[PDB]
């Protein structure tokens, strides 16, 4: 029934849960109680402490049927669950996004949205999917890795693996997988879930001395100006935008600024968006702040470097920089002024932004306030520039502007990633000295075995159509070779598969919650466990580490990813010991793990400690002060890393903001300016633009999480977004004789995919915006292979033509094509 909910009893079990999904890492409670019990409506007779004897006032609660479920544990007993935001958590103050609010619905139940969860190992036995045992899966998987190591070495063993936090990442899981891949197998043939080499989104800012998560969310409350660069934060970092940015724009934080800085003017806060596209976030900012307090710099696609070099050149010419800061704490300023020189007239001609708007941006952001201090300008950026036209060069340009204007290390500032997932990285060093484009290697026929581990690059690779076509073809050779087998031992089957991989085959493994589109190619799938079926640690976009507590069993024999890594490492160790190879066996030592906590102890808590191997950790050398029991005591507020101190009396004490003493992460402790050449669009992308009509912009929808791995089973989400949509200018729609709920083909030299038309008045003629990564119409087919110096793709950098397929009468009947820009 849809018209009531079962209240948690006053004495219901309550555990802490960070949201599974975005960077913000909102705090939740999980209430769990026997199915046949319920709380009373009186506030002291239910666990929420809310009075259901009468209508609740607005903002009292976030509670819907989607926020409840009934789980069945391995002992067959049934429990109510209720997953609701924590009012006292500093991150979200009781807010829940549409994505975190669905967490109860996306917990595993045999009958709900999680019915299709992987529950057992699955094997494609040449011509059919069947169940197999864990010992058989391990004998095949480890058998193939061992044979490849013994004949080809580690270069024959390929991974694409999460490196992120939250669900399908975090400190336990990045450690287990990194120890396995890098210490034990020692393969350099590793890409990351969102980028096709072992690299960083933030090489330039890190090299300049500025780690990308350098402030606190509170800094968004203290800013005079917030820049949002290549970022749609209402949709993609909702509760950071809603709980910290908007209160600033509304004037609710002005008294906090004045209390902290008694002798400083604080004008009404203003906001600047650098985005070719007019987004829901721009519309909401204008609604809240007024048009006069929002600047939308609607740049030409790929012209970020020209924008920042113009602004840099202008603030230097105006003397709107911090000369003492530059002299004491920086290197390379005079060189950067020469190499990055660009007039406002040139800047305007390249970006298409009028000179008066470039000047106003700089006047709001950098020109001294009446009281003499520089504006506190927080510079936030995300995939519009991280996947923009030369990732390294755009950060080079932007950090130069930020460093010259001292917008790192002062409260209310920062030049930060908004983030994607949560963060939770602890791993051994990458074991080579080479950047390797793993997708291109697979397409060219390299590798014997490829494991997708908590990712689905069938939906999310750049140039995705070339990838899927090569992997399906290489998979089919293995499937064809497995056909002749009758009563084959595991050993024999390992040889049959290896032989097929000598004839251009590839054995594919997926380690996942669900089959996904990967099952079209995979030979073996292994079932994983998400937070709440396991303990998990991760940090948000202000480095705030929290423990998500286990409160239920995973489906069937689903296992935490760190324990799957342990299982693989122990299988290989046993094989090498049996085969009389004591030196190879020793590479697979150190995985004697019974629980995910053991991976937390072995990785995060050993970083920098005496006797420990080399470890790269977001926790740093004080990570050992964190324990599960200490995080439990901290609650959903956790601690901002790095931890400065722990005692029983004060708990974990953390770090709010980095670089507050102007000591940067460089050889000389100074921030380093960098040259930022303006080279135009990459030639590969410019060839598509010269040939085809539309800019194929792409990214997030507020309602859809990533590759829709849970959402694809959600009846409400499938009603709303039955197919990937492409925002189109209405005049462009008329010229193509298309309207809301028509299907189009989108195509260029790289590939061809499909979307449902979504006319959007705000889209520019010749520009579009397609939902990325989706289960019906994969956007990435039309993205190019072009990457920057460090193999970061220009995912936002592609052009194609649009052809009407036809009217999908059922989309027109059932799907809203109304504006998603709030007026």
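Numbering follows the first chain given and starts at 1.
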If you average the CA temperature factors as listed in the entry, which stretch comes out higher, 279-287 or 478-486? 478-486
Which of 166-174 and 431-439 has higher mean CA B factor, as the PDB entry lists it: 431-439
Whose CA atom has the top B-factor in the entry, of 711, 647, 553, 703? 647
Considering only 518, 497, 274, 743, which residue's Cα atom bears the greatest B-factor as recorded? 497
Select lowest, middle or highest to describe the third in which the CA B-factor of residue 13 falls within its chain in this entry. middle
By the record's CA B-factor, is residue 37 among the lowest, middle or highest third of residues in the chain? highest
Temperature factor at the Cα of residue 619, chain-ranked in thirds, falls in the highest
B-factor third for the C-alpha atom of residue 764 within its chain: middle
Ranked by Cα temperature factor within the chain, is residue 815 in the lowest third, the middle third or the highest third? middle
